[PDB]
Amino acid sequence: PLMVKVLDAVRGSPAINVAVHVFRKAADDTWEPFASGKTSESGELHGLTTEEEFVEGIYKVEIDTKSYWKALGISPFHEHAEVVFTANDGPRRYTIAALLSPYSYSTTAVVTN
């Protein structure tokens, strides 16, 4: 139900081995750890969660862009990229995609049935 895909605009490649943490907003307005992983050779992170676990609510996907750029020897601006959205329930799969540059990022959601 939730996949994350990361691309690198400088190298023209998938962004490989990028740490990604997902949080869900708790009733006290704090962020509870929900799922995490590292992107694969294709820049994709699958298997984050299951249908039963992914309930409606506010999620944060935190992509560690700074570590990624430093591992490539490139100087970065942002601490990370945080993408915060509401999951709303018919049948739906979410893909959070991000395109990374050192001083800019773009993110889009691909929500399909």
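For the two forms, the rigid core is made up of the largest set of C-alpha atoms that agree within 1.5 Å on superposition. Residues carry their position along the shown sequence, with the first being 1.
Chemist: Quick one: core-superposed, which stretch strays further from the shown model in 8 other deposited structures of this protein, 36-44 or 67-75? Go by RMS C-alpha distance.
Modeler: When 67-75 and 36-44 are compared in 8 other deposited structures of this protein, 67-75 lies farther out.
Chemist: For the stretches 92-100 and 21-29, which has the higher mean C-alpha B-factor as given in the deposited record?
Modeler: Per the PDB record, 21-29.
Chemist: Which has higher Cα B-factors on average according to the PDB entry: 67-75 or 45-53?
Modeler: Stretch with the higher mean C-alpha B-factor: 45-53.
Chemist: Going by what the PDB entry lists, where does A109 fall on CA B-factor within its chain: lowest, middle or highest third?
Modeler: Lowest third, going by the recorded CA B-factors of the chain.
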